[PDB]
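To keep things clear, I will list the structure first and then write my remarks on it.
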Amino acid sequence: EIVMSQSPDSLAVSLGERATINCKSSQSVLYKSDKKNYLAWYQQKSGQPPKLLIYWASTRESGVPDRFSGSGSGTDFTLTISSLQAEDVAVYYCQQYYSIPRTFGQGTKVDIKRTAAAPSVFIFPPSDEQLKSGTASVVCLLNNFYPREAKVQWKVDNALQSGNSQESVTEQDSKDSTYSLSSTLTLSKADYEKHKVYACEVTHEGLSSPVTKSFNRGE
Amino acid sequence: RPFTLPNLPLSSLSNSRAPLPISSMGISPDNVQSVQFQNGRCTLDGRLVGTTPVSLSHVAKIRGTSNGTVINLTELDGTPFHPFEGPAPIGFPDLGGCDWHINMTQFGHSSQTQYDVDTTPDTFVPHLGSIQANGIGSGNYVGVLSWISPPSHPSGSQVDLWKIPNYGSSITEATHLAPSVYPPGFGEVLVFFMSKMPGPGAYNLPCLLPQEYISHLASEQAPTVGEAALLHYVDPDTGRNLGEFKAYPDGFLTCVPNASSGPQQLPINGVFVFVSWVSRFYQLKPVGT
Amino acid sequence: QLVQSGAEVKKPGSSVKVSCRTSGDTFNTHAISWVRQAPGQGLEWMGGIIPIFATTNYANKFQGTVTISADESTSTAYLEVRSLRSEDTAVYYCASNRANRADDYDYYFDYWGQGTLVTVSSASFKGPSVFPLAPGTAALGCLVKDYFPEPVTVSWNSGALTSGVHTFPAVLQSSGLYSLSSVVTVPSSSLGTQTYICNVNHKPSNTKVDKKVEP
Ligand SMILES: [Mg+2]
Ligand SMILES: [Mg+2]
Ligand SMILES: [Mg+2]
Ligand SMILES: [Mg+2]
Ligand SMILES: [Mg+2]
Ligand code: NA
Ligand code: NA
Ligand code: NA
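Just so you know, the sequences run in chain order L, A and H. Following PDB author numbering, the numbering of the first sequence begins with 1 at its first residue and continues without gaps. Here the second sequence stands for residues 229 to 486, 488 to 518, numbered as in PDB author numbering. Here the third sequence stands for residues 3 to 137, 145 to 224, numbered as in PDB author numbering.
Listed below in structure tokens is the structure:
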């Protein structure tokens with residue numbers, strides 16, 4: 001099989017700046033007989049099927065804005081967003097259609113770059129009703145930060161927790177180019193009522209010092 | 229020096245495009261108006277043509293040094309290949325319409341490696357002495373064609389061994405190809421010597437001359453006295469004449485089929502025997518008559 | 003233009019048959035491929051068929067467990083996946099590309115279907131429990154917990170509240186059920202005057218929940 005390799009994995013480029021995405025095929029996809037490169041580029045936004053941008057390496061699909069362009073030949077190909085717009089935030093895939101099986105690159109995520117922004121941290125104790133059900137979920141909200149990388153640590157009675165938390169990260173907000181993250185600590189109602197202080201500790205590039213949000217059980 | 233062909237039955241001889249025994253004679257499909265094989269080409273007075281070697285030990289083989297990305301080719305003895313001599317080094321495989329699977333070995337090292345060859349991309353340029361390594365690690369190798377499969381490109385293609393590969397680049401054409409070979413007409417069609425080729429199908433490899441004919445002609449170098457050599461295909465045990473054929477100076481055989490009565494309907498253990506030199510338009514009797 | 007069948011839930015080891023219907027013109031001039039996409043992962047070509055030539059091919063890893071077929075009379079191609087495993091949970095896409103002959107179909111993808119979600123799991127269908135995330146700027150929200158299968162949607166005040174809403178992607182808990190939170194930031198002076206309700210809809214279980222979040 002012809003293996004497709006894209007680089008970078010993720011790309012953050014400021015509005016109106018140019019984004020370049022490289023794609024290399026393990027075997028040339030340039031048919032000597034017709035001189036065509038059997039390579040295409042696709043754009044996929046979450047919840048949607050992919051959309052054709054470029055074909056034959058450099059041909060722009062009808063209806064694609066001409067700030068999209070493809071170049072390269074043989075084994076090395078390049079997609080360039082000459083002036084990035086908010087509507088171009090998506091995952092981009094290259095694909096060879098030279099042979100069976102058809103193969104895609106791993107994809108390159110492109111987000112809008114902006115200045116660093118520290119998260120606003122919020123902590124939520126489990127609700128009245130959920131405790132009656134027999135399980136306590138403690139939620140820590142990291143809101144409207146950039147860039148995406150962020151570390152969250154849970155400290156129950158000032159003891160580091162491990163393996164009982166799940167994170168979820170939103171996609172980039174199109175209005176302010178930020179991300180938000182939820183960290184949910186899930187305990188049995190028994191262990192929840194055997195401890196007092198529940199703390200969420202946040203590390204991020206936009207913070208010169210860790211931020212701890214805590215609460216006491218029942219206050 | 230009178231013209232002769234080897235006194236050996238066809239079924240004990242070898243294909244000249246791969247080291248395979250000959251198992252039948254055949255004709256081309258109706259939609260094959262000509263062939264341009266680069267191996268198995270030798271004139272009747274003994275001039276090798278294309279990439280044809282004297283010996284089967286060179287047939288359908290490659291030699292070169294891989295760097296992991298490309299294999300830089302040489303002749304099979306390691307001496308340099310020069311583009312003006314032909315479309316590829318001597319003995320280089322000439323099977324079009326298929327992917328190749330070549331068994332790679334090395335002098336001084338243990339093990340064999342399968343080399344999978346798609347002959348269509350812009351990295352397959354044997355006329356420039358360079359073909360893609362396709363995962364073959366660095367080192368010097370000798371490779372021999374082992375089995376074939378359908379072309380990777382175009383997808384859905386069938387194996388078609390009446391073709392030759394594209395030897396040149398997407399911009400520069402391979403020079404010094406052996407010329408095309410055409411049916412002479414007026415009933416005469418080209419005669420091919422067939423071999424079964426391993427691979428995921430019922431693959432049959434045609435060639436214009438058995439390899440043992442080629443090294444015989446190269447040795448004898450008998451002057452081509454006429455425009456065509458009239459031959460009899462004779463039974464070796466009885467001497468009975470099974471059909472008339474003509475051998476032409478460029479190095480190919482013809483007959484007049486009448488049809489489920491062509492050279493494929495003849496026994497394969499017969500011997501071709503030179504009868505006399507005759508005109509181009511000497512009218513052959515139909516096979517079976 | 004490529005119409006796929008609805009979402010499916012299958013138990014491990016069972017089989018799933020997914021359909022893709024197109025116009026007759028497209029059906030007889032195209033190859034029809036199946037491309038799947040695991041959650042948060044890339045695109046994986048599984049195989050294809052050229053209906054008018056009845057030729058098929060498959061990627062090696064889907065050989066033996068996958069069969070692709072076509073019904074000329076309904077212009078519908080089918081994908082069958084047997085011996086389902088958890089890692090087979092994905093959105094299965096139908097995709098087409100031009101095919102002029104059996105050996106002339108090396109073209110970029112023409113159209114895409116909207117996709118068909120196949121969830122491979124032992125979990126039972128279950129609507130979520132919606133728990134409040136109770137409260145310058147204040148943050149509040151709703152915990153949408155223990156539902157199966159995907160998807161769920163959340164809105165706020167019947168869609169009247171939109172600014173500052175962050176509804177997080179779901180996560181698959183070890184219990185086999187999904188969970189997510191939806192949060193919103195509002196003026197702290199609104200916590201006494203303005204009512205906040207999250208509208209949670211889990212159509213697969215026919216469950217609709219409105220939960221007022223109180224300070
Ligand atoms: Mg769009
Ligand atoms: Mg010849
Ligand atoms: Mg040699
Ligand atoms: Mg060794
Ligand atoms: Mg076109
Ligand atoms: Na193999
Ligand atoms: Na070596
Ligand atoms: Na082609």
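Beta carbons are placed, not taken as given, at the ideal position from N, Cα and C, and that holds for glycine.
So, helix, strand or coil for A:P434, using DSSP? strand
Report, in whole angstroms, the separation of the C-beta atoms of A:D322 and A:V345, which I expect to be a contact under 8 Å. No, A:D322 and A:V345 are not in contact; Cβ-Cβ is about 12 Å, not under 8 Å.
If you measure beta-carbon to beta-carbon, which residues of the segment 375-394 of chain A are closer than 8 Å to chain H? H381, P382, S383, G384, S385, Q386
If you run the structure through DSSP and keep just helix, strand and coil, what is L:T80? strand
From the DSSP output, in three-state form, read off A:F414 for me. coil
Who are H:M48's beta bridge partners in DSSP? DSSP lists no partner for H:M48.
Taking H:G44 as the query, report the chain L residues whose CB atoms sit under 9 Å from its CB, ordered along the chain. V91, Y93, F104, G105, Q106, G107
If we ignore side chains and look at the alpha-carbon of each, how far apart do L:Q153 and H:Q116 end up? 39 Å
Taking only the alpha-carbon atoms, compute the straight-line gap between L:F145 and H:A9 and give it to the nearest angstrom. 35 Å
Mind pulling the beta strand (DSSP E) runs of 3 or more residues that sit fully within the segment 139-163 of chain L? 151-156
With 16 as the cutoff for other CB atoms within 10 Å, does A:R229 come out buried or exposed? exposed
Output, in chain order, the set of chain L residues within a Cβ distance shorter than 7 Å of H:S7. Under the 7 Å cutoff, chain L gives no residues; its nearest Cβ is about 15 Å from H:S7.
Checking contacts by CB at 7 Å: is residue 225 of chain H closer than that to chain L? The structure shown does not extend to residue 225 of chain H, since chain H spans only 3 to 224, so no value can be given for it.
Cβ-based contacts, 9 Å cut-off: residues of the segment 67-89 of chain H near chain A: none
Taking H:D108 as the query, report the chain A residues whose CB atoms sit under 8 Å from its CB, ordered along the chain. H381, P382, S383
Going by DSSP in three states, H:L135 sits in which element: helix, strand or coil? strand
Test item: CB-CB of A:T482 and A:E416 under 7 Å: yes
Look up L:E201 in the DSSP assignment and say whether it is helix, strand or coil. strand
Residues of chain H with CB closer than 9 Å to the CB of L:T170, please, in chain order. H175, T176, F177, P178
Between A:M425 and A:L418, is the Cβ-Cβ spacing less than 7 Å? no
Going along the chain, which residues of the segment 100-125 of chain H sit with their C-beta nearer than 9 Å to a C-beta in chain A? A101, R103, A104, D105, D106, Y107, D108
Helix, strand or coil at L:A90 according to DSSP, with G and I counted as helix: strand
Under 9 Å from the C-beta of L:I100: neighbouring residues of chain A: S380, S383, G384
Would you mind working out which of A:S242, A:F335, A:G365 sits nearest A:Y343, comparing C-alpha positions? A:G365
Give me the subset of the segment 44-77 of chain L whose CB atoms are less than 7 Å from a CB atom of chain A, sorted by chain position. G74
Would you kindly work out how many angstroms separate the C-alpha atoms of A:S240 and L:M4, rounded to a whole number? 48 Å
Here's the rule: buried if 16 or more other CB atoms are within 10 angstroms of the residue's CB, otherwise exposed. What is A:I399? exposed
Who are L:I21's beta bridge partners in DSSP? L:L79
By the three-class DSSP mapping on this structure, what secondary structure does A:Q261 have? coil
Mind listing, in chain order, the residues whose beta carbon lies closer than 6 Å to a non-hydrogen atom of ligand 2? A:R269, A:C270, A:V277, A:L436, A:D478, A:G479, A:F480
Bounding residues of the alpha helix (DSSP H) (the contiguous stretch that carries A:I364): From DSSP, A:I364 is part of no alpha helix (DSSP H); its letter is neither H nor E.
Alpha-carbon spacing of A:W506 relative to A:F420, whole angstroms: 21 Å
Inter-residue Cα distance where the pair is H:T194 and H:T204: 13 Å
Could you give the distance in angstroms between the alpha-carbon of H:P53 and the alpha-carbon of H:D105? 13 Å
For the segment 11-29 of chain L, list every residue whose C-beta sits within 9 Å of some C-beta in chain A, in sequence order. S26, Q27, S28, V29
In whole angstroms, what is the alpha-carbon distance linking L:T203 and L:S214? 15 Å
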